[PDB]
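One chain comes next, on its own, written as structure tokens: the form deposited in one PDB entry.
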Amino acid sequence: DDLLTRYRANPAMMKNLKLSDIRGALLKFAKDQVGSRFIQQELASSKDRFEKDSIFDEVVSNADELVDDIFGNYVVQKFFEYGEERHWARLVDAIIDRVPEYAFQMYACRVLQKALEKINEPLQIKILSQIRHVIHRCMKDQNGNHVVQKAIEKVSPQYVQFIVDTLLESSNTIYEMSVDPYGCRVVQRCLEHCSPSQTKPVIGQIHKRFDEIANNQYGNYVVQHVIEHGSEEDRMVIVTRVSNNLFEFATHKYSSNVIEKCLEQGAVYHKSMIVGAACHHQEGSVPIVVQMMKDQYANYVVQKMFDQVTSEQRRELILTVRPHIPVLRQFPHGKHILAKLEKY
């Protein structure tokens, strides 16, 4: 008979198990799927604040074994959730040596994010100082990107300055990160949480390779974030570049959502640019918008246009489209959205 074995077989014990009852058996309970679930329930439900201190020192001394365990990491997280600063400082001091490794570990990175989510700034910088040694590799790792995201999300901009320095360290880093499946999220968090003096260099690097980023499966989300969290001059430059090349940007899988973001977030003169190019620029002897309506992707942009655009700019679209309606009805995407646009 063993306390863990007895609890798994009969959780509803005659004397209901508390955390102080598993004293000396923390590691066995924490590494068990059912046992860890018990600690999570009591750490979240027990009104006796002193009950969690009976196992806490066992959690600290075995933190190097629990933070990267398939079940033990939930126990460590709950002490950041329901513990206080005295609990945080001891947990951080216990895991700080292998933070350069925990950031890349599937379960251990969850603990690091929860810590940055809950703890105070001095303890946040403690974890942040250990990320400095692996920041470049950590930024585009399958697990480490979520650690870098939470740091940008939860600590002051002047403390993530070394991350912005890493993104600008080389001429191509911003592009590589923008087209990376994990690194593109670090660029996104920076675009909405960093200071203007940090975002302005990064945004300027996005404009240096705007065309390659805008049609990238991940970089298009980066361009969309510059549209939403950028300055007035940033949307202007973006809306001019997409309007200068509307057809190719609307007829491609990923860059088509960029023009929808321009239409969703743009001012009147921004949409006037998009409408003017769609109506008055040609794609094979016929207006851009007419060829857009028979395209598999650009028809969504025409839908987005007609719904987000001024009624007067909508009249310019209607007059441009009307004489081409018999031509469009012969195309499957043309007849499809002509039906959804029969409203006009």
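Throughout, rigid core stands for the largest set of C-alpha atoms superposing within 1.5 Å between the two forms. Numbers for residues come from their place in the sequence shown, where the first is 1.
This protein has a second form, the form deposited in another entry, left out of what is shown; the following refers to that one.
For the residue set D68, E316, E283, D32, core-aligned C-alpha shifts between this form and the one not shown reach 2 angstroms or more at a single site, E283.
With the core held fixed, the Cα of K208 is displaced between this form and the one not shown by less than 2 Å.
Relative to the superposed rigid core, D48 undergoes a CA displacement of at least 2 Å between this form and the one not shown.
Relative to the superposed rigid core, the position of the CA of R86 differs between this form and the one not shown by 2 Å or more.
Relative to the shown form, the Cα atoms of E232 and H281 move apart by 3 Å or more in the other form.
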